[PDB]
Amino acid sequence: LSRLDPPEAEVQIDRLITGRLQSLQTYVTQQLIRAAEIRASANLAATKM
Amino acid sequence: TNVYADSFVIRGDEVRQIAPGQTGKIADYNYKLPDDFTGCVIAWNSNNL
């Protein structure tokens with residue numbers, strides 16, 4: 001944003017926003033799947049207790 | 001819903017420099033268009049007028 005001619009900056013900024021979003025989406029999905037496994041483990045732990 | 005029209009006199013190299021997203025001398029110090037535009041840029045040679 002402070003380095004490129006503004007219309008070129010706008011395009012590249014949007015490309016990076018999308019890239020950063022994809023990193024967040026990936027993280028959430030992976031943590032969401034892991035959370036399902038952790039919940040199952042917690043349920044087993046609760047069962048054993 | 002709305003149409004706006006800017007009617008003005010410029011040089012042929014200046015005609016080339018006026019477009020949405022087009023930066024340059026005329027764009028920043030004389031006649032500016034945005035990086036996001038809906039509309040038409042229309043021009044005619046006026047050597048006889």
# chains A, B, ... in the order shown; residues from 1 in each chain; ligands from 1
>>> closest_atom_pairs(of="chain A", to="chain B", cutoff="9 Å", atoms="only C-alpha atoms", output="tab-separated table")
residue	atom	partner	partner_atom	distance
A:5	CA	B:23	CA	8.2
A:6	CA	B:23	CA	8.7
A:7	CA	B:21	CA	6.0
A:8	CA	B:21	CA	9.0
>>> residues_around(residues="residue B:43", least_positions_apart="6", cutoff="10 Å", atoms="only C-alpha atoms", output="number ranges by chain")
B: 7-10, 12, 15
>>> select_by_dssp(residues="chain B", states="helix (DSSP H, G or I)", output="list in words")
residues 12, 13, 14, 15, 16, 25, 26, 27, 28 and 29 of chain B
>>> write_last_selection(atoms="C-alpha atoms", output="mmCIF file, in the first residue's frame")
data_model
loop_
_atom_site.group_PDB
_atom_site.id
_atom_site.type_symbol
_atom_site.label_atom_id
_atom_site.label_comp_id
_atom_site.auth_asym_id
_atom_site.auth_seq_id
_atom_site.Cartn_x
_atom_site.Cartn_y
_atom_site.Cartn_z
ATOM 1 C CA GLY B 12 -4.558 13.942 -27.929
ATOM 2 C CA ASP B 13 -1.910 12.549 -25.505
ATOM 3 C CA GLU B 14 -4.188 13.631 -22.682
ATOM 4 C CA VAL B 15 -7.077 11.734 -24.289
ATOM 5 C CA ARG B 16 -4.887 8.628 -24.148
ATOM 6 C CA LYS B 25 0.080 13.764 -15.276
ATOM 7 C CA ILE B 26 -3.377 14.647 -16.486
ATOM 8 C CA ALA B 27 -5.091 12.226 -14.174
ATOM 9 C CA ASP B 28 -3.666 13.659 -10.992
ATOM 10 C CA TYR B 29 -3.343 17.400 -11.715
#
>>> decode(residues="stretch 25-44 of chain A", atoms="N, CA, C and O atoms", output="PDB file, in the first residue's frame")
ATOM      1  N   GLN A  25      -9.019 -19.946   6.695  1.00  0.00           N
ATOM      2  CA  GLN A  25     -10.044 -20.951   6.457  1.00  0.00           C
ATOM      3  C   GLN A  25      -9.474 -22.330   6.666  1.00  0.00           C
ATOM      4  O   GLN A  25     -10.136 -23.210   7.230  1.00  0.00           O
ATOM      5  N   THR A  26      -8.233 -22.512   6.220  1.00  0.00           N
ATOM      6  CA  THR A  26      -7.549 -23.771   6.350  1.00  0.00           C
ATOM      7  C   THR A  26      -7.363 -24.094   7.800  1.00  0.00           C
ATOM      8  O   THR A  26      -7.654 -25.210   8.233  1.00  0.00           O
ATOM      9  N   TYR A  27      -6.904 -23.106   8.559  1.00  0.00           N
ATOM     10  CA  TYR A  27      -6.666 -23.291   9.961  1.00  0.00           C
ATOM     11  C   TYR A  27      -7.932 -23.680  10.666  1.00  0.00           C
ATOM     12  O   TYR A  27      -7.932 -24.652  11.413  1.00  0.00           O
ATOM     13  N   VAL A  28      -9.021 -22.959  10.408  1.00  0.00           N
ATOM     14  CA  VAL A  28     -10.258 -23.253  11.089  1.00  0.00           C
ATOM     15  C   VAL A  28     -10.748 -24.636  10.757  1.00  0.00           C
ATOM     16  O   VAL A  28     -11.188 -25.337  11.658  1.00  0.00           O
ATOM     17  N   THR A  29     -10.698 -25.044   9.493  1.00  0.00           N
ATOM     18  CA  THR A  29     -11.182 -26.369   9.151  1.00  0.00           C
ATOM     19  C   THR A  29     -10.352 -27.430   9.849  1.00  0.00           C
ATOM     20  O   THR A  29     -10.898 -28.409  10.361  1.00  0.00           O
ATOM     21  N   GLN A  30      -9.034 -27.262   9.872  1.00  0.00           N
ATOM     22  CA  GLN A  30      -8.177 -28.241  10.512  1.00  0.00           C
ATOM     23  C   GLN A  30      -8.433 -28.298  12.007  1.00  0.00           C
ATOM     24  O   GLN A  30      -8.450 -29.385  12.588  1.00  0.00           O
ATOM     25  N   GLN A  31      -8.669 -27.143  12.632  1.00  0.00           N
ATOM     26  CA  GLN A  31      -8.917 -27.107  14.060  1.00  0.00           C
ATOM     27  C   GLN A  31     -10.299 -27.624  14.365  1.00  0.00           C
ATOM     28  O   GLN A  31     -10.519 -28.176  15.432  1.00  0.00           O
ATOM     29  N   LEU A  32     -11.224 -27.455  13.432  1.00  0.00           N
ATOM     30  CA  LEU A  32     -12.585 -27.913  13.577  1.00  0.00           C
ATOM     31  C   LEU A  32     -12.616 -29.446  13.511  1.00  0.00           C
ATOM     32  O   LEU A  32     -13.302 -30.087  14.315  1.00  0.00           O
ATOM     33  N   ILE A  33     -11.838 -30.035  12.593  1.00  0.00           N
ATOM     34  CA  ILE A  33     -11.768 -31.486  12.497  1.00  0.00           C
ATOM     35  C   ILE A  33     -11.048 -32.019  13.727  1.00  0.00           C
ATOM     36  O   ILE A  33     -11.481 -33.019  14.314  1.00  0.00           O
ATOM     37  N   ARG A  34      -9.936 -31.383  14.114  1.00  0.00           N
ATOM     38  CA  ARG A  34      -9.236 -31.814  15.303  1.00  0.00           C
ATOM     39  C   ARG A  34     -10.145 -31.682  16.502  1.00  0.00           C
ATOM     40  O   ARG A  34     -10.168 -32.568  17.348  1.00  0.00           O
ATOM     41  N   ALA A  35     -10.950 -30.626  16.562  1.00  0.00           N
ATOM     42  CA  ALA A  35     -11.852 -30.447  17.670  1.00  0.00           C
ATOM     43  C   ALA A  35     -12.812 -31.597  17.741  1.00  0.00           C
ATOM     44  O   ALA A  35     -13.180 -31.995  18.834  1.00  0.00           O
ATOM     45  N   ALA A  36     -13.249 -32.137  16.611  1.00  0.00           N
ATOM     46  CA  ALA A  36     -14.146 -33.272  16.688  1.00  0.00           C
ATOM     47  C   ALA A  36     -13.440 -34.460  17.346  1.00  0.00           C
ATOM     48  O   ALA A  36     -14.021 -35.147  18.194  1.00  0.00           O
ATOM     49  N   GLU A  37     -12.155 -34.652  17.029  1.00  0.00           N
ATOM     50  CA  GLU A  37     -11.406 -35.757  17.630  1.00  0.00           C
ATOM     51  C   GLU A  37     -11.172 -35.519  19.116  1.00  0.00           C
ATOM     52  O   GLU A  37     -11.266 -36.445  19.925  1.00  0.00           O
ATOM     53  N   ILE A  38     -10.886 -34.280  19.482  1.00  0.00           N
ATOM     54  CA  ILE A  38     -10.651 -33.936  20.864  1.00  0.00           C
ATOM     55  C   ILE A  38     -11.939 -34.093  21.637  1.00  0.00           C
ATOM     56  O   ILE A  38     -11.899 -34.540  22.778  1.00  0.00           O
ATOM     57  N   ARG A  39     -13.076 -33.691  21.062  1.00  0.00           N
ATOM     58  CA  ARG A  39     -14.342 -33.886  21.740  1.00  0.00           C
ATOM     59  C   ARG A  39     -14.588 -35.359  21.957  1.00  0.00           C
ATOM     60  O   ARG A  39     -15.002 -35.745  23.043  1.00  0.00           O
ATOM     61  N   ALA A  40     -14.297 -36.198  20.957  1.00  0.00           N
ATOM     62  CA  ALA A  40     -14.497 -37.626  21.116  1.00  0.00           C
ATOM     63  C   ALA A  40     -13.619 -38.176  22.227  1.00  0.00           C
ATOM     64  O   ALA A  40     -14.069 -39.002  23.031  1.00  0.00           O
ATOM     65  N   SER A  41     -12.386 -37.680  22.308  1.00  0.00           N
ATOM     66  CA  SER A  41     -11.461 -38.086  23.344  1.00  0.00           C
ATOM     67  C   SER A  41     -11.970 -37.640  24.701  1.00  0.00           C
ATOM     68  O   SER A  41     -11.935 -38.405  25.664  1.00  0.00           O
ATOM     69  N   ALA A  42     -12.455 -36.400  24.785  1.00  0.00           N
ATOM     70  CA  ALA A  42     -12.997 -35.864  26.013  1.00  0.00           C
ATOM     71  C   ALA A  42     -14.217 -36.660  26.434  1.00  0.00           C
ATOM     72  O   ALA A  42     -14.412 -36.908  27.618  1.00  0.00           O
ATOM     73  N   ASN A  43     -15.024 -37.102  25.475  1.00  0.00           N
ATOM     74  CA  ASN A  43     -16.206 -37.854  25.812  1.00  0.00           C
ATOM     75  C   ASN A  43     -15.799 -39.203  26.359  1.00  0.00           C
ATOM     76  O   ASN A  43     -16.396 -39.685  27.325  1.00  0.00           O
ATOM     77  N   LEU A  44     -14.735 -39.783  25.804  1.00  0.00           N
ATOM     78  CA  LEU A  44     -14.239 -41.051  26.292  1.00  0.00           C
ATOM     79  C   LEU A  44     -13.669 -40.874  27.678  1.00  0.00           C
ATOM     80  O   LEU A  44     -13.841 -41.741  28.535  1.00  0.00           O
TER      81      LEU A  44
END
